[PDB]
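To start, the structure itself, in structure tokens.
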Amino acid sequence: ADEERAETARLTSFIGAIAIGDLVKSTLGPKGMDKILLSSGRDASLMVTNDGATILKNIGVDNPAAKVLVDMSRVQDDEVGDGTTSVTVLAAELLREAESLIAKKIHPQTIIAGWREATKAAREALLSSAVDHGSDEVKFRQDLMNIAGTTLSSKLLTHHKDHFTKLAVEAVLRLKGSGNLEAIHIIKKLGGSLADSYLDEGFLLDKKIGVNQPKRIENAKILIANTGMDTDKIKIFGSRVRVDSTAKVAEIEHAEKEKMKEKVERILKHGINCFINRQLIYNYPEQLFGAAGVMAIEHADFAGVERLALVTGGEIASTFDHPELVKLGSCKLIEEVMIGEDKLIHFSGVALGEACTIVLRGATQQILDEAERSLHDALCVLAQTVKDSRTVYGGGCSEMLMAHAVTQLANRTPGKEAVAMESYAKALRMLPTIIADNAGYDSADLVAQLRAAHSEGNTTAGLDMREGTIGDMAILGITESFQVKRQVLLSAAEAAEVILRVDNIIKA
Amino acid sequence: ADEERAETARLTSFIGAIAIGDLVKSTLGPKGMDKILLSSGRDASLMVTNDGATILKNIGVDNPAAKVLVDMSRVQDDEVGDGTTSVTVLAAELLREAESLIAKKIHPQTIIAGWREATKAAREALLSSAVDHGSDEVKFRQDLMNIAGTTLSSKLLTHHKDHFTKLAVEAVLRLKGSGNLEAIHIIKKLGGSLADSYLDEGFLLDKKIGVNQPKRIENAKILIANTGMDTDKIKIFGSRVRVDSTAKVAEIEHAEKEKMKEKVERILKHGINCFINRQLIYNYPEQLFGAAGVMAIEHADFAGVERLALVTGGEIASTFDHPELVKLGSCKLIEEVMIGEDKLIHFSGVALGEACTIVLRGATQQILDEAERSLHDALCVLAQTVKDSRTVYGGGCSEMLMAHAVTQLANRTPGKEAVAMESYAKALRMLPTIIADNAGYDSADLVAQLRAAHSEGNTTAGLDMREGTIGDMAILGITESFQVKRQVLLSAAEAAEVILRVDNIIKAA
Amino acid sequence: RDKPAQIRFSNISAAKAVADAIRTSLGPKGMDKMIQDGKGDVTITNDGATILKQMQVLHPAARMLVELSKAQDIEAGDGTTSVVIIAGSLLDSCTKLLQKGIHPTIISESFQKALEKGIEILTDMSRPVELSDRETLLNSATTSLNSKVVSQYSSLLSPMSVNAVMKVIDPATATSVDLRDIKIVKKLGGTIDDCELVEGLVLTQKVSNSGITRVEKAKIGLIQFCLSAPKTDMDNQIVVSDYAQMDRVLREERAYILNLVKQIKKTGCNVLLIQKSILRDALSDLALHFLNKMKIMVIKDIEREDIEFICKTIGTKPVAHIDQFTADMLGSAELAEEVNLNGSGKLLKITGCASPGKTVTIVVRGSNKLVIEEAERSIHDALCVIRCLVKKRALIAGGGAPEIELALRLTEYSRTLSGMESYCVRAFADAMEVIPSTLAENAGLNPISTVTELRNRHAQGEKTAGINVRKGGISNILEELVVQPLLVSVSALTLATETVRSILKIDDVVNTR
Amino acid sequence: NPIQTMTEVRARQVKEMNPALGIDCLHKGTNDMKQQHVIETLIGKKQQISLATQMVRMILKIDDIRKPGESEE
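Line by line, the protein sequences are chains J, B, L and E.
For the first sequence, the entry's author numbering assigns the number 16 to the initial residue and increments by one for each residue that follows.
For the second sequence, the entry's author numbering assigns the number 16 to the initial residue and increments by one for each residue that follows.
For the third sequence, the entry's author numbering assigns the number 27 to the initial residue and increments by one for each residue that follows.
For the fourth sequence, the entry's author numbering assigns the number 469 to the initial residue and increments by one for each residue that follows.
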């Protein structure tokens with residue numbers, strides 16, 4: 016085996032995490048620098064990134080400390096929303112200050128307990144600074160617009176951002192808590208609209224309906240089933256052998272065409288005119304369905320169907336031999352619409368209630384995917400604001416305030432961890448220096464004055480560093496919720512500490 | 016020849032300063048670790064010191080920025096006395112913290128300008144940490160004691176230290192209402208024991224003449240004079256040298272003989288029993304004094320002969336410009352006694368009873384010389400502590416309290432000045448960490464505890480490096496004066512800002 | 027760390043150095059390349075535009091140059107080499123400012139502010155021609171033709187272009203008209219004289235034999251089905267193990283198909299166009315010969331382009347199997363023409379098609395494969411120049427002469443702007459003046475003297491005159507037949523400003539594992 | 469910062485001419501030259517402009533870049 020000894024393990028732990036750290040720190044905060052990721056080792060391309068998820072996963076980890084952090088932060092992004100950039104940058108900034116400590120010669124446990132007690136002080140001070148702005152529900156709507164506005168910007172979107180502020184706030188608000196990929200289902204397609212997204216009333220499905228199957232169904236009763244034939248159905252009188260010589264290769268193919276007709280009669284028995292199967296068949300099998308008069312709609316989504324099922328009292332579940340096994344969903348018309356310039360089969364009959372479907376229109380697939388991830392993190396933050404409608408002023412204003420409170424306690428409270436409580440405070444303030452020079456303000460000057468102001472009780476004024484200026488955060492709206500920040504702080508301190516604890520790495 | 020651009024200049028400057036700061040951080044304070052002095056360029060003999068001052072003079076430095084540190088150290092020795100090592104360490108510390116600011120993007124002026132405002136805040140803090148003590152005679156004794164014991168240990172001599180501390184504080188104590196040293200003679204003299212030491216209440220010339228001349232005078236009358244006998248101070252009664260003959264060599268020797276004697280007569284005409292002369296007394300006038308009834312002391316000091324003139328109530332003749340026309344001094348008694356294995360002349364009944372002589376008694380020359388200096392630095396301190404009778408709580412207790420003062424200021428501020436405030440507090444605080452190593456007790460625990468006290472507001476716990484723990488300070492034998500400390504803070508800063516400001520170092524070597 | 031400083035300096039060095047080589051543009055300059063590849067093939071290149079699209083690089087910063095050219099073609103179709111060279115100017119700006127201590131995020135910001143002001147000043151100097159008016163369109167089209175290879179086939183080409191774009195057009199100054207509607211087909215045979223503009227939709231395909239419908243009436247076929255016949259998709263119980271038994275199965279298979287194609291004709295089909303990808307063999311290779319007999323057109327293994335155009339314009343949708351009869355969701359049609367012309371060429375024209383009020387097709391003809399190529403490039407640029415006016419109108423100086431002109435007007439606006447951004451933009455004004463300079467420099471020997479001189483002659487003419495870049499001589503450049511569309515130079519600035527900005531934005535090494 | 473402070477004064481050059489408003493030269497938060505109280509003689513600044521220009525004119529004169537290796541001894 017390989018043994019990487021006591022100094023050296025800690026050095027690998029610091030540089031590795033610093034390098035990955037510097038990738039997500041540019042996008043983080045107000046507009047400053049971005050990442051444009053350079054791909055050559057998998058494939059030769061350039062990629063336009065702004066989400067921390069893309070940046071961190073796509074570049075491997077081959078430095079053992081680096082692995083742990085990218086995994087903890089990725090899961091935090093799903094739950095918390097915006098945990099990808101936030102957790103990784105702070106964890107990296109803390110290791111830098113460990114580097115200092117250790118050469119000086121402070122033991123790793125002093126550092127670990129100093130950072131930890133200092134996290135407890137930060138959390139207590141974040142609670143202090145956070146105050147309600149959801150005490151009337153219409154005032155609550157507005158609080159949510161600010162929080163939403165902040166996430167969305169400093170992620171490249173052309174005009175899809177402007178819709179999404181209002182969108183996310185509507186979706187979360189009505190539902191109350193929980194997930195919100197059930198209260199707004201994200202269908203992504205290209206349209207003639209360059210970067211516009213709207214609320215569909217119904218579920219609409221991409222695929223042209225050709226042939227003898229008619230494009231307008233009137234009086235739909237939908238039979239929901241999640242499985243079906245891929246293109247051929249096997250059954251009791253479906254199983255045969257017809258292939259064993261070279262001419263017999265075409266005869267079995269004949270036979271498979273026949274197996275398609277057998278599946279049609281299965282639905283015909285039910286008498287349910289709209290059958291949904293989740294998989295696509297080909298154009299040739301489609302003629303059989305349309306002829307019989309029990310129409311097959313293929314390439315269906317689970318998410319769309321789920322939208323209809325909730326309003327009508329249907330059930331989304333497989334098994335069909337009769338329609339009494341699986342409850343029915345309803346729509347009036349399933350009519351071929353053209354939206355954009357792409358021809359769509361559109362289910363219309365019910366609107367809203369427990370779910371909407373949102374149809375995004377771009378011209379690049381990259382825009383849709385990018386848009387979903389921005390939006391996603393937002394919906395998660397807004398989910399948490401329903402529970403705790405406190406909100407705390409940021410932009411880097413929060414991070415200095417907690418740091419001031421941690422510096423005060425850093426002098427008084429401990430017996431040896433003083434140096435380490437301060438190091439924790441200085442690492443929160445590292446994030447507001449980096450963004451200052453991108454903005455065109457002096458890093459040193461920013462961190463040293465306003466920090467005393469906002470702490471004394473001018474919590475409103477904070478860091479507007481997309482212009483390099485002091486602005487009101489209640490009026491400019493660079494304020495995020497209490498919850499999202501509390502949890503990424505927790506996460507980042509733990510993650511650094513885990514790899515700070517490591518004094519030998521053995522590789523076997 | 017070479018033009019060192021501002022950054023490149025910074026590094027040479029820093030490394031200069033720092034190389035020096037290591038030597039004096041180790042020497043620091045009563046438990047501080049020694050230096051080895053190495054005589055360079057000539058031989059390679061050695062002496063061991065614990066004095067920061069001596070490191071610089073003996074062993075020089077060719078780094079331009081480090082030369083500024085040497086000039087600074089000179090100023091402490093005389094004016095303040097103690098603090099020669101204490102300053103040099105802080106100045107190197109200030110620069111160390113400077114390093115990270117020049118790198119970042121931050122210009123040298125930013126760091127300077129904010130440490131000036133910080134020095135003013137630290138001074139206000141030195142006044143707060145300064146509590147009055149030694150207004151009354153009882154407290155006044157206790158007050159000199161603490162400072163004086165500090166000085167000796169830090170500049171080497173810690174074995175026979177306590178005996179000398181009693182005599183030194185008593186000496187300053189007599190003066191009362193003035194910080195003289197212009198009556199407190201310092202005599203270091205071969206003979207005696209290292210344990211014994213003596214303070215004569217009067218004035219004492221250690222110069223003797225044997226038992227072959229008078230030395231017992233009651234109701235003495237003093238003439239203080241500078242009279243040549245071969246030097247040939249004016250009031251000539253001899254001849255010019257001229258050469259006219261081959262036997263002329265004989266004529267010169269005779270002519271000197273009438274000279275020596277005619278001057279004895281003019282002295283004699285004062286009506287005196289005790290005659291003191293800075294210059295030589297030839298074998299011929301010496302015998303003529305012993306016969307006249309007049310005491311002869313030859314080879315008197317330039318400091319002591321003058322200083323004698325004030326106390327006794329005489330007046331000096333000044334190159335023998337007063338042969339009968341200068342007023343006398345008076346003492347009750349002149350006794351010759353044996354103190355040690357020496358013969359001393361003891362002036363007692365001196366007119367201004369302020370006057371005292373502190374007589375240091377060596378029995379190893381290495382100790383006797385080092386002792387004279389360290390004790391002189393201590394007496395410089397003592398006399399400034401007359402002008403303002405107050406102490407600050409030493410030990411690292413003040414350094415933390417200045418650091419903290421400046422930390423609360425630092426917090427308020429978000430400008431260009433604010434930057435350096437963070438640096439300045441850290442610099443002051445970095446001195447007890449050195450004191451902590453010197454104790455031999457780990458720095459991180461002590462300094463962090465100390466930090467905690469002073470935030471809340473307390474100057475009644477300091478660092479005891481003599482117990483290795485965080486302890487009380489209640490004017491113990493380990494506090495420092497206000498006098499030493501104000502000057503040490505001011506100079507460290509002032510030196511560092513001059514080193515910062517010089518970055519256009521053109522070396523033509 | 028040290029990873030952000032060194033990457034920015036090299037990437038900028040590495041694109042810029044290639045952009046120096048590449049800048050030999052306009053007219054005859056530099057020395058030819060015969061190229062020994064990294065794979066050992068002999069390749070010969072000429073023309074700046076054609077090279078840049080083709081260019082095969084693996085340096086992330088240099089790839090930006092390849093793709094910059096392609097976007098330009100799609101919006102303008104003019105200025106494809108131009109947009110790269112001026113982008114290299116912006117890179118020249120970026121180094122000098124790093125030394126000054128202006129941070130990289132700041133240099134990005136300034137590009138936007140350079141763009142916003144610059145394009146407004148381009149619109150100011152421009153003389154606003156109408157985009158629906160033929161006379162001015164006709165002059166402008168001559169400008170682009172006469173700057174390309176043609177100088178005698180130019181005569182034919184100018185008027186066909188004004189007519190073609192007129193068919194697709196929309197009245198506004200907003201973005202309309204595309205080469206997703208302008209369909210460009212080649213045909214062997216005909217001459218540059220005989221090139222034909224059909225206002226409807228004509229598709230390029232190959233049709234078996236000669237002897238087929240060239241008359242009116244058609245139902246246009248968009249099918250996605252394979253036949254049912256013995257040993258196809260219908261049952262046979264005759265299993266072959268002999269040449270004779272093979273012969274029987276194929277005979278009965280082809281026979282049933284002869285019946286089938288009559289039901290295809292019953293529909294009205296005189297055009298049928300088969301799907302791209304089989305569902306077994308599609309309509310069999312036997313079916314195609316039988317279809318030919320009914321008088322009905324073929325193409326199996328159809329190109330991608332045809333499938334997109336048919337459905338969109340004519341509303342043509344897939345139809346059911348023939349034994350089950352066709353669903354009749356097919357569009358309207360009235361012409362099935364197999365275009366033969368000077369003994370060669372196979373083509374489908376669809377006239378009386380339904381339209382959305384767009385979609386023209388030009389047929390490009392030439393008696394020899396090179397002679398088609400010569401029509402093709404020249405027409406492409408002439409269609410595109412008139413196109414650029416509908417999307418956004420007006421005429422400014424051409425050849426990239428207003429980027430030199432723009433430099434004078436623009437310095438002034440930076441000084442009075444008096445920002446952080448002013449210095450970045452002022453320095454770019456001086457860099458746009460290098461473009462005729464740098465072009466010449468590389469060719470020969472003695473560089474310095476000529477280089478300074480071309481900037482004097484253009485500048486001194488003032489805000490309305492300078493040196494021309496297609497005739498030389500200090501004369502009025504704003505209208506004199508050295509013009510290009512507003513769209514071409516504003517588009518070029520825009521694309522450049524985005525791609526370059528991106529190099530500044532990165533920090534630290536990045537390489538996916 | 470050098471860039472930031474230069475930018476500040478340049479703004480007030482477009483807004484108003486012949487300024488008593490230059491950069492800080494007492495190390496202040498404010499920037500003037502009436503409240504930083506630096507004044508030069510008009511001739512004094514005038515003489516600088518001449519001199520700087522001068523240096524350029526002297527290096528231009530001859531074309532003797534020829535050296536035997538003697539050119540700074």
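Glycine is no exception: its CB is placed at the ideal position from the N, C-alpha and C atoms.
Proximal residues of chain J, C-beta to C-beta of residue i below 7 Å
{"i": "B/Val421", "result": "Going along chain J, no residue has its Cβ under 7 Å from B/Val421, so there is no contact; the nearest lies around 12 Å."}
{"i": "B/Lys431", "result": "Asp460"}
{"i": "L/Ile132", "result": "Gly455"}
Secondary structure of residue i, DSSP reduced to three states
{"i": "B/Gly164", "result": "helix"}
{"i": "L/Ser370", "result": "strand"}
{"i": "J/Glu18", "result": "strand"}
{"i": "L/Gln250", "result": "coil"}
{"i": "L/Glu225", "result": "coil"}
{"i": "B/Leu53", "result": "strand"}
{"i": "L/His484", "result": "helix"}
Top-ranked residue by Cα proximity to residue i, from the options
{"i": "B/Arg293", "options": "B/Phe155, B/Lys222, B/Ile287 and B/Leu340", "result": "B/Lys222"}
{"i": "L/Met186", "options": "L/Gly56, L/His406, L/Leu434 and L/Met260", "result": "L/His406"}
{"i": "residue 588 of chain J", "options": "J/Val396, J/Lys402 and J/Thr327", "result": "Since the first and last residues shown for chain J are 16 and 523, residue 588 of chain J lies out of range."}
{"i": "L/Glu459", "options": "L/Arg452, L/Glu438, L/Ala433 and L/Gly294", "result": "L/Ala433"}
{"i": "B/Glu139", "options": "B/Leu446, B/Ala418, B/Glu350 and B/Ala468", "result": "B/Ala418"}
{"i": "L/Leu171", "options": "L/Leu409, L/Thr217 and L/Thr490", "result": "L/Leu409"}
Beta-carbon neighbours of residue i, restricted to chain L and to distances below 7 Å
{"i": "E/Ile471", "result": "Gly127, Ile128 and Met446"}
Chain E contact residues for residue i, given Cβ-Cβ distances below 7 Å
{"i": "L/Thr121", "result": "By Cβ distance, chain E contributes nothing, its closest Cβ being about 17 Å from L/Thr121, past 7 Å."}
Amino acids of chain B, ordered along the chain, whose beta-carbon sits closer than 7 Å to that of residue i
{"i": "J/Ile121", "result": "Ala459"}
Outcome for residue i when other beta-carbon atoms lying within 10 angstroms are tallied against a minimum of 16
{"i": "J/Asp37", "result": "buried"}
{"i": "J/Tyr408", "result": "buried"}
{"i": "E/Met485", "result": "exposed"}
{"i": "L/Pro197", "result": "exposed"}
{"i": "J/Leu367", "result": "exposed"}
{"i": "J/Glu321", "result": "buried"}
Closer than 8 Å at the beta carbon, the chain L residues around residue i
{"i": "J/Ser143", "result": "Within chain L, no residue comes near J/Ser143; the closest Cβ sits about 33 Å away, beyond 8 Å."}
Proximity test, residue i beta-carbon vs the ligand NAP heavy atom, cut-off 6 Å
{"i": "L/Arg435", "result": "Looking for the ligand NAP in the displayed structure turns up nothing, as the structure carries no ligands at all."}
Chain E residues whose Cβ lies nearer than 8 Å to that of residue i
{"i": "L/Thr442", "result": "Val482"}
Between the stretch 215-230 of chain L and the stretch 444-464 of chain L, can you find at least three pairs of beta-carbon atoms closer than 8 Å? Cβ pair count under 8 Å is below three, so no.
Check whether the stretch 366-383 of chain B touches the stretch 198-214 of chain B, counting contact only when three or more Cβ pairs, one atom from each stretch, lie closer than 8 Å. yes
Between the stretch 273-289 of chain L and the stretch 251-260 of chain L, are three or more C-beta pairs nearer than 8 Å? Yes, since at least three Cβ pairs between the stretch 273-289 of chain L and the stretch 251-260 of chain L fall closer than 8 Å, the two stretches touch.
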